[PDB]
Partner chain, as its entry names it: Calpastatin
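In the block that follows, a single chain appears as structure tokens, in the form solved without the partner chain.
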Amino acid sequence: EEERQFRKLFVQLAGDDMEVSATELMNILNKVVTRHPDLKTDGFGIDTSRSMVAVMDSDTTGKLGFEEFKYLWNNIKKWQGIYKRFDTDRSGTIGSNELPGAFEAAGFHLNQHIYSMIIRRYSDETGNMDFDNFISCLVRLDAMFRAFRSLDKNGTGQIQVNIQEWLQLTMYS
């Protein structure tokens, strides 16, 4: 009945063109936040939404089909639960001391230099990151690790790319 309620959710969200645009994604993400007032956030803007659709748009149709959206939707569902349980002091945000546990639960084993870089890019002055920033960060992190492994075909720990490839990977995100 889960695959069923989901297909129904997707049919209604995707609409006439059978795909979830950045605007449709933004709308549903903002309803999630409104239905969960314990999650602090300034909302998901169109810029963050386009960016998420882009790193998830594997077949480059510019929008999210059933499979692409499912993969993303299921990740956001997991990450939202992680955000809630790792927010130990109940501030509605994820602080620098809470971050490592959160990402580890998400399945990401990062070092201190990466964490500092993350906090500096996504967290605020106090070292706290809100809901949409947390989700936006994880969606991208997941996409980047996956892209790396995709290119690391010989499993040497290094990937080699030309300028066209580099631009596609960095600009379409």
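Positions refer to the first chain, counted from 1.
Below, we turn to the form deposited with the partner chain bound, even though it does not appear here.
- At the 4.5 Å threshold, heavy atoms of residue 106 stay clear of the partner chain in the bound PDB entry, well away from it.
- Heavy atoms of residue 96 never reach within 4.5 Å of the partner chain in the bound PDB entry, leaving it off the interface.
- Using a 4.5 angstroms limit between non-hydrogen atoms, residue 85 is distant from the partner chain in the bound PDB entry.
- Contacts between stretch 1 to 39 and the partner chain, counted in the bound PDB entry as any heavy atom lying within 4.5 Å, involve 6, 9, 12, 13, 28, 31, 32, 35, 36, 39, listed in sequence order.
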